[PDB]
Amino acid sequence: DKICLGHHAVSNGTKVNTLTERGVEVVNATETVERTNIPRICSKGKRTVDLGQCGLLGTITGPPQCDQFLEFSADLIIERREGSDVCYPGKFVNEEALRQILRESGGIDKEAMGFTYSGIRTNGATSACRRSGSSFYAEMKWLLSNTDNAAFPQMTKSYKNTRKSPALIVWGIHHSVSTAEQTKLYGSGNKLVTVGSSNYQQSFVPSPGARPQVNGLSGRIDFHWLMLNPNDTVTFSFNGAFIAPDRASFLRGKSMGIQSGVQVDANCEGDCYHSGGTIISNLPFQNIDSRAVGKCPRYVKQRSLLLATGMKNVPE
């Protein structure tokens, strides 16, 4: 009589790798590298803003595409390829740092800066910024000499941050197509804009000249920004070519920002995003997108690594 000890085996074994062998068969195994993508932005449980044609930096200056987002609030901010920060052509200086500040901001709450003016026009407008006809950035004012060619008075305007959070302050410098145009708008002579806080000082001289027409226009407005500390003051001194802020921005809280080309889906939950969707997974690794962001499995180069969940498979 006899008794034998044994272990199970299957005919359908699965190959894995060990320290000493490639492709040893085990009874069972499981994937460690995530390849399955959901082609949507799984936004359940999160206040989500889909910026559409509004570029993220445009929420601060307010071209017409951004009119609905001037004071937006969100946990999750989505930028889109069609998004433009601008109506009158130009760009933000140090733009990516500011995008990175705004992506995590929770959104922005705007506050009037209280500037008023005398001896000048305030109504500069352009057909590039269309609302009910020619208009401009909602949050800014294109300051002009009182009449064509007239002299633009030397001016100083100051704003203090009364709040307990740093204020985001933005202004513009207008680079006319020619010295002729710059004279028409602001009066002849050398133009200078200075901007100072207790921790920041910089000077700006417009530089007129021709550049390629963008939206039929060859001028440019470049935007500059700073963070103004609680209790600190910012002072602007200028005699023209200045695009003045009407309001400051305060950051609301916390958010995450992504860039994406797929639709939002408020019915699925997720925390790991890339431009093509959402990686929903508990696996420790992923091979979908090395730039994925949020709380993500780690990106690896290999498409598959099988972890044995059973013994060596030894069939007869």
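Residues carry their position along the shown sequence, with the first being 1.
- Higher mean CA temperature factor between 129-137 and 84-92: 129-137, per the PDB entry.
- 266-274 and 56-64 differ in mean CA B-factor, and the higher of the two is recorded for 266-274.
- Across the options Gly172, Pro208, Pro230, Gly124, the residue with the most elevated CA B-factor in the record is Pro230.
- Comparing C-alpha B-factors across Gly257, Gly261, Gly253, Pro284 in the deposited entry, the largest value falls on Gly253.
- The entry lists a Cα temperature factor for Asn28 that places it in the middle third of the chain's modelled residues.
- Ranked by Cα temperature factor within the chain, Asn215 sits in the highest third according to the deposited record.
- Per-chain ranking of the deposited C-alpha B factor places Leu70 in the lowest third.
- Annotation for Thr235: CA B-factor lies in the lowest third of the chain's modelled residues.
- Per the PDB record, residue ranking by Cα B-factor puts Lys110 in the lowest third of the chain.
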